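Since the structure comes first, as structure tokens, the remarks are kept for the end.
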Amino acid sequence: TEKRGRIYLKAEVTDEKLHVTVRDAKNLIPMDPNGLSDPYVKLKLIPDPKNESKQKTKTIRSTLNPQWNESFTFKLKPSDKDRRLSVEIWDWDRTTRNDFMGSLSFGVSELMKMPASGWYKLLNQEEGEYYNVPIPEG
């Protein structure tokens with residue numbers, strides 16, 4: 001429930017391809033000494049034991065309201081029926097390990113049946129691997 005902010009994204013599956021658009025995020029949590037963060041988004045299909053599926057947006061420095069406007073494509077295989085699209089926002093740090101900011105996920109089979117679109121509530125790191133929470137209300 002902790003206020004980690006929100007992210008706007010689209011995710012849909014067409015002809016065995018998963019297309020994801022990471023638009024923007026709002027009200028992220030300060031994670032740097034200067035009171036801001038340097039956010040980027042990591043996308044993966046999990047589980048990913050070999051660590052082969054990772055894609056990420058650019059890092060946007062010094063903001064809590066990043067606008068990435070980036071799109072990504074994943075080629076799907078039959079085994080992806082048991083997988084989830086994981087979306088994690090991280091804070092890039094120059095002098096320390098990067099900080100986790102917030103996350104969420106979508107089942108691949110669930111996206112096939114209905115694309116994701118709109119604002120989603122950011123969850124904690126464990127939480128985010130399991131579900132998502134749309135915020136259609138505002």
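If you're wondering about the labels, chains in the structure tokens are A, B, ... by order shown, residues count from 1 in each chain, ligands from 1 in order shown.
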Per residue of range 1-42 of chain A within 12 Å of range 87-97 of chain A, record the nearest atom pair and its distance in Å to one decimal, counting only C-alpha atoms, with rows in chain order and ascending residue number, as a tab-separated table.
residue	atom	partner	partner_atom	distance
A:4	CA	A:89	CA	10.1
A:5	CA	A:89	CA	10.5
A:6	CA	A:89	CA	10.3
A:7	CA	A:89	CA	9.2
A:8	CA	A:87	CA	11.2
A:9	CA	A:87	CA	9.8
A:10	CA	A:87	CA	11.5
A:11	CA	A:87	CA	10.8
A:20	CA	A:87	CA	10.1
A:21	CA	A:87	CA	11.1
A:22	CA	A:87	CA	9.3
A:24	CA	A:89	CA	10.9
A:25	CA	A:89	CA	9.2
A:26	CA	A:89	CA	11.6
A:28	CA	A:89	CA	9.3
A:29	CA	A:91	CA	9.7
A:30	CA	A:91	CA	9.3
A:31	CA	A:91	CA	7.1
A:32	CA	A:93	CA	8.0
A:33	CA	A:93	CA	10.6
A:34	CA	A:93	CA	11.9
A:36	CA	A:91	CA	9.4
A:37	CA	A:91	CA	5.7
A:38	CA	A:91	CA	4.8
A:39	CA	A:91	CA	4.5
A:40	CA	A:90	CA	5.5
A:41	CA	A:89	CA	4.4
A:42	CA	A:88	CA	5.1
Kindly give the distance, in Å, that separates CA of residue 119 in chain A and CA of residue 132 in chain A, rounded to a single decimal. 10.5 Å
List the neighbours of residue 135 in chain A out to 7 Å using only C-alpha atoms; skip same-chain residues closer than 3 positions along the sequence, and give me the result as a VMD selection string. chain A and resid 119 to 121 138
Write out, as a CSV table (one decimal), in the first residue's frame, the residues just selected, with N, CA, C and O atoms.
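The resulting file, part.csv, is reproduced below:
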chain,number,residue,atom,x,y,z
A,119,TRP,N,-2.8,3.6,-16.2
A,119,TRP,CA,-2.1,3.9,-15.0
A,119,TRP,C,-2.1,2.7,-14.1
A,119,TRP,O,-3.1,2.0,-13.9
A,120,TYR,N,-0.9,2.3,-13.5
A,120,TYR,CA,-0.8,1.2,-12.6
A,120,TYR,C,-0.1,1.7,-11.3
A,120,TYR,O,0.9,2.5,-11.4
A,121,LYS,N,-0.5,1.2,-10.2
A,121,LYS,CA,0.1,1.5,-8.9
A,121,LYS,C,1.4,0.7,-8.7
A,121,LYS,O,1.5,-0.5,-8.9
A,138,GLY,N,-8.1,7.7,-11.1
A,138,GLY,CA,-7.3,9.0,-11.0
A,138,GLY,C,-6.5,9.1,-9.7
A,138,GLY,O,-5.7,10.0,-9.6
Based on DSSP run over this structure's backbone, return all residues of chain A in helix (DSSP H, G or I), as a PyMOL selection string. chain A and resi 78-82+108-113+125-128
If you run DSSP on the backbone, which residues of range 12-125 of chain A are strand (DSSP E), as a short mmCIF file (atom, residue, chain, number, x, y, z; two decimals) with C-alpha atoms, in the first residue's frame?
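Writing done, so here's result.cif:
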data_model
loop_
_atom_site.label_atom_id
_atom_site.label_comp_id
_atom_site.auth_asym_id
_atom_site.auth_seq_id
_atom_site.Cartn_x
_atom_site.Cartn_y
_atom_site.Cartn_z
CA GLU A 12 -0.23 -6.42 -25.65
CA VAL A 13 0.39 -9.64 -27.52
CA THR A 14 -0.01 -9.84 -31.32
CA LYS A 17 4.97 -10.94 -30.00
CA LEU A 18 4.62 -8.98 -26.79
CA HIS A 19 4.70 -5.20 -27.36
CA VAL A 20 5.25 -2.95 -24.36
CA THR A 21 5.22 0.84 -24.24
CA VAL A 22 6.67 2.50 -21.16
CA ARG A 23 5.32 6.02 -21.25
CA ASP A 24 5.86 7.87 -17.97
CA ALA A 25 5.73 7.65 -14.18
CA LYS A 26 4.51 10.06 -11.52
CA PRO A 39 14.86 6.37 -12.77
CA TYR A 40 14.94 3.70 -15.45
CA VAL A 41 12.68 0.75 -16.04
CA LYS A 42 13.80 -2.86 -16.31
CA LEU A 43 11.56 -5.26 -18.27
CA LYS A 44 11.96 -9.05 -18.12
CA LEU A 45 9.99 -12.22 -18.75
CA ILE A 46 10.18 -14.20 -15.52
CA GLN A 55 15.51 -4.82 -21.65
CA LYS A 56 15.60 -1.37 -20.11
CA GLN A 67 8.76 10.58 -19.27
CA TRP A 68 10.53 7.82 -21.20
CA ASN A 69 8.15 7.21 -24.10
CA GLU A 70 9.97 4.01 -25.10
CA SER A 71 8.71 0.82 -26.66
CA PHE A 72 10.00 -2.74 -26.51
CA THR A 73 9.22 -6.04 -28.17
CA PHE A 74 9.62 -9.59 -26.89
CA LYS A 75 9.38 -12.63 -29.16
CA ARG A 84 5.07 -13.02 -16.40
CA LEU A 85 6.14 -9.67 -17.75
CA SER A 86 8.04 -8.01 -14.88
CA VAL A 87 8.31 -4.20 -14.85
CA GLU A 88 10.65 -2.66 -12.27
CA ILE A 89 11.63 0.95 -11.80
CA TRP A 90 15.13 1.44 -10.42
CA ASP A 91 17.16 4.48 -9.42
CA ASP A 99 18.03 1.52 -5.54
CA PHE A 100 14.71 -0.27 -6.16
CA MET A 101 11.81 2.15 -6.60
CA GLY A 102 8.67 0.18 -7.47
CA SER A 103 7.30 -2.57 -9.65
CA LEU A 104 4.47 -4.71 -10.98
CA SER A 105 3.83 -7.60 -13.34
CA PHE A 106 1.39 -9.11 -15.82
CA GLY A 107 0.86 -12.76 -16.68
CA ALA A 116 -2.78 -3.78 -20.41
CA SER A 117 -3.28 -0.05 -20.79
CA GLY A 118 -3.27 2.91 -18.44
CA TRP A 119 -2.05 3.88 -15.00
CA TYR A 120 -0.80 1.24 -12.57
CA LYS A 121 0.10 1.48 -8.89
#
